[PDB]
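Data block below; observations after.
Every number in this text was worked out from the coordinates using simple rules, so none of it is lab data. Here the Cβ is made from the backbone with ideal geometry for all residues, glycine too, and neighbour counts use every protein chain on show.
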Amino acid sequence: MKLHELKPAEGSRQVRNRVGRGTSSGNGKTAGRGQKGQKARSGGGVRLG
Amino acid sequence: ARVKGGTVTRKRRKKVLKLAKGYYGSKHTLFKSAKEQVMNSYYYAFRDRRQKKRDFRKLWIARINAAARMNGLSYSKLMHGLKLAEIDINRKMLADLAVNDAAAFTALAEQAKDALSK
Amino acid sequence: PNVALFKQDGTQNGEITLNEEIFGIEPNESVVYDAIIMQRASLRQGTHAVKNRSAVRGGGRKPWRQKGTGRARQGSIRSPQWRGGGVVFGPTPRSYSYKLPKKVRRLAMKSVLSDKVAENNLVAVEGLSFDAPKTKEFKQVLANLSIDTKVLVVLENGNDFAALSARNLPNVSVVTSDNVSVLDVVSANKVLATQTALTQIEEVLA
Amino acid sequence: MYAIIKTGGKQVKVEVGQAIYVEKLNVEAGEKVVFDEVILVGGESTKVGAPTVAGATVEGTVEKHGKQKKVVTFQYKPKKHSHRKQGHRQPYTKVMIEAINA
RNA sequence: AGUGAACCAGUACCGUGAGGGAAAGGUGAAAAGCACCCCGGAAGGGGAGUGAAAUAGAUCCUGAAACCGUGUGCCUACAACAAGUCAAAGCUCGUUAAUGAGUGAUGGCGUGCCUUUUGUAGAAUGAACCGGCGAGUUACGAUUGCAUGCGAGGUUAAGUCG
RNA sequence: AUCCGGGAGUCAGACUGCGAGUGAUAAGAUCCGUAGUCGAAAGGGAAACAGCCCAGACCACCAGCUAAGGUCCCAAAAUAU
RNA sequence: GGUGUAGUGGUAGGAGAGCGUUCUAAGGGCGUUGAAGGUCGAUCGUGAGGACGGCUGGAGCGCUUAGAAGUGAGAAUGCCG
């Protein structure tokens with residue numbers, strides 16, 4: 001293996017998902033959270049159980 | 001490692017403004033005005049590709065009616081006559097004949113008149 | 001696997017049979033990728049910081065009132081959207097290093113040296129001796145064996161005159177036989193190892 | 001001298017010496033083509049035949065395979081935060097006419 | 001951006017006071033930083049000179065947009081226009097050469113963008129315009145999918161040499 | 001279709017047939033059941049018109065046949081029998 | 001690779017695959033016979049986008065493969081000019 005031709009194994013690395021970056025990606029404008037409510041707030045949600 | 005937002009936005013915006021050449025006033029000079037106007041033009045052009053094909057059919061039909069009433073027929077009787085004889089000319093070629101080759105149009109109108117004479 | 005032997009100038013002074021568990025074992029290519037990536041992320045010094053809202057030297061007072069002024073409600077002169085304010089989610093001091101399990105370290109070492117051997121890219125030599133540290137004689141030696149690429153020079157021990165002579169040549173790297181890494185062997189085109197150092201490497205990779 | 005032919009899914013008016021654009025044909029440039037279906041042979045006297053004129057063909061030579069100019073089809077729904085954009089260029093072939101049926 | 005502060009900054013400025021607190025980097029390799037003349041009270045300008053370059057002349061590297069002007073090819077004083085889009089005569093040009101470019105009388109069709117809503121052209125909400133900045137990150141745990149090494153086994157932590 | 005597992009969003013609906021209650025067998029009223037469209041659906045008809053009638057847009061054409069609704073002129077097709 | 005058949009409106013939301021910015025490594029390159037940046041053009045691709053040519057400009061910058069992120073702006077009665 002030469003340092004100018006590296007290749008990881010297939011299926012081993014994936015990219016990432018970035019929310020709030022435009023409409024056509026699928027997750028712009030509220031970033032998967034739906035409309036209003038306690039679960040749409042930063043730090044929103046109820047404790048486990 | 002910090003990423004300045006240097007020259008990407010100006011390229012995109014200048015691509016949008018170039019599509020707005022010829023518009024009125026602040027609609028070819030300001031980016032927001034041009035953005036909205038260009039979106040509306042896209043909508044209009046898609047709509048009008050489909051409406052074009054209707055306009056020319058009405059134009060041909062009215063010219064054919066005009067020509068046929070000179071040969072003793074109307075549009076609907078002449079179309080029926082041509083179908084009962086197995087003739088398959090477009091309304092486009094029919095109108096083109098009606099304006100250029102009146103003798104060809106009369107040959108055809110006589111065939112139609114004989115077909116529905118039965 | 002047998003490699004040919006040379007002297008500081010000469011010819012084919014026979015051959016040298018090396019281990020088959022170390023120098024002839026069919027390399028594994030993803031293990032080498034993992035080793036290279038781990039080692040490169042292991043050299044970072046992650047010394048980077050920025051100031052959030054509460055570290056910027058600034059104000060605790062509400063700048064105007066909450067209503068009436070025909071304004072927009074503001075909370076401090078140092079908010080993320082104000083010019084000169086604090087940064088939301090910047091770089092923090094971090095580590096960047098991790099460890100792979102012990103059998104795959106050893107598998108990557110074996111695999112990279114065995115790849116070097118499987119293409120006649122390792123060159124064995126009886127000895128490298130020098131009465132003074134002279135760069136010019138090392139370059140002559142290097143051309144004596146017709147070596148025209150990037151080369152890793154693996155030496156034994158307190159062979160200090162040779163390491164001095166081989167420094168400073170811009171195609172040459174020098175390492176001792178107790179200190180070879182995976183990144184040293186992959187980057188060079190060839191390895192020039194002495195007979196003594198070869199047995200010493202076979203003693204530690206076992 | 002006139003002839004009307006069915007090509008593509010449409011009809012065209014034809015003449016010796018003139019060049020015509022048409023849907024893509026499956027014939028390489030420089031080779032010859034025969035348009036079998038003739039609808040009307042005008043000119044001096046017209047031959048107005050039930051669907052086709054018996055035994056008349058039209059001969060030509062392909063000159064060039066090309067592409068039309070580009071169309072953009074863009075679609076959005078006001079206030080519903082969504083749009084989709086697509087381009088399209090259309091193939092054609094150019095044909096020269098020689099020897100309307102004789 | 002990075003310290004509030006790359007520059008005479010805890011300064012100017014604000015407050016009785018405790019205290020709050022900025023803006024502002026770049027001629028050229030070398031000042032060779034325009035002797036002399038002309039218009040003008042001066043400012044400023046035009047020659048002539050320096051210099052590889054002055055449209056590098058001190059408001060001095062590059063020099064975008066809003067915004068303000070000057071010149072021209074085409075249109076416009078019987079016309080109700082979300083300003084375009086499709087059809088189209090006349091005039092004027094001649095390109096990354098191909099089913100060419102600018103303008104356009106006249107005809108059909110057509111109630112901005114965003115947010116929140118059962119529902120919006122909305123007489124519901126936001127934006128004067130242009131430029132810059134401005135929002136799911138990391139540490140440590142828990143779980144699932146993928147991938148690699150070993151396999152009835154797997155794996156080391158702190159620490160020592162480096 | 002069922003079974004195991006990863007990730008959600010929704011818990012303000014509206015009108016139009018039909019069948020009931022409250023109301024005065026009033027309401028573009030209110031509350032249930034059942035079917036559709038709108039929501040999240042462009043295109044033709046109904047002058048203009050979320051929800052009615054027809055019909056579900058991958059794209060190109062200056063080709064053809066029909067749906068609901070229409071054929072004196074605006075405005076395409078019969079001044080039809 | 002051929003050929004048939006079937007499909008391809010879409011808000012909340014799930015799944016896939018890519019475009020562009022800055023920096024690191026390795027390799028192969030360009031540059032006062034003029035880099036980046038700026039301006040104009042009638043050019044190419046299914047989209048984000050990619051080239052080539054003129055003018056301006058005066059010292060640095062692409063491409064391939066892998067890695068890491070302060071990685072994309074039209075709206076907050078946003079902040080500064």
Taking 7 Å along the Cα-to-C-beta vector as the label spot, tell me the C:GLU137-C:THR176 distance in nanometres, rounded to one decimal.
2.2 nm
Least to most buried among B:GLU86, C:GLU119, by other C-beta atoms within 10 Å and fewest first, runs C:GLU119, B:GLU86
Which part of segment A:25-40 falls in the paramagnetic zone of B:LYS35, meaning amide N under 15 Å from the point 7 Å along Cα-to-beta-carbon?
A:29
Taking a ≥ b ≥ c as the square roots of the Cα gyration tensor eigenvalues, with a/c under 1.5 meaning rounded and otherwise prolate when a/b beats b/c or oblate if not, the protein assembly as shown comes out oblate
Could you work out the relative contact order of chain A, using alpha carbon pairs under 8 angstrom and six or more residues apart, expressed as a whole percent?
16 percent
Charge dipole (debye, nearest 20) of chain A; +1 at Cβ of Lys and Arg, -1 at Cβ of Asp and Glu
320 debye
Mean-square fluctuation check for chain C, GNM, Cα pairs under 10 Å: which of C:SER76, C:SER42, C:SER187 is largest?
C:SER76
Relative contact order of segment B:1-64: what whole-number percent is it, with Cα pairs under 8 angstrom and at least 6 residues apart?
20 percent
So for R0 = 30 Å, FRET eff. of C:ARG40-C:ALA206 from the Cβ-Cβ r, to 0.05, ends up at 0.65
Name the residue from B:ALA107, B:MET70, B:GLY25 whose Cα lies farthest towards the positive end of the charge dipole of chain B, charges +1 on Cβ of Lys and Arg and -1 on Cβ of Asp and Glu.
B:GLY25
Taking GluC sites (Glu not before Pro) as exposed when in a DSSP loop with at most 11 other Cβ atoms inside 10 Å, chain D has its longest clean stretch at D:45-102
Mind checking the angle between helix C:29-41 and chain C's longest principal axis? C-alpha axes, 0 to 90 degrees, to the nearest 10.
50 degrees
If you take the beta carbon distance between D:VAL16 and B:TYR43 as r and set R0 to 60 Å, what does 1/(1 + (r/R0)^6) give as a FRET efficiency, to the nearest 0.05?
0.85
Cβ-defined net charge surrounding D:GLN90, 11 Å radius [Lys, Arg +1; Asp, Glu -1]
+4
Evaluate E = 1/(1 + (r/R0)^6) for A:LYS7 and C:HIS48, where r is the Cβ-Cβ distance and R0 equals 30 Å; express this FRET efficiency to the nearest 0.05.
0.50
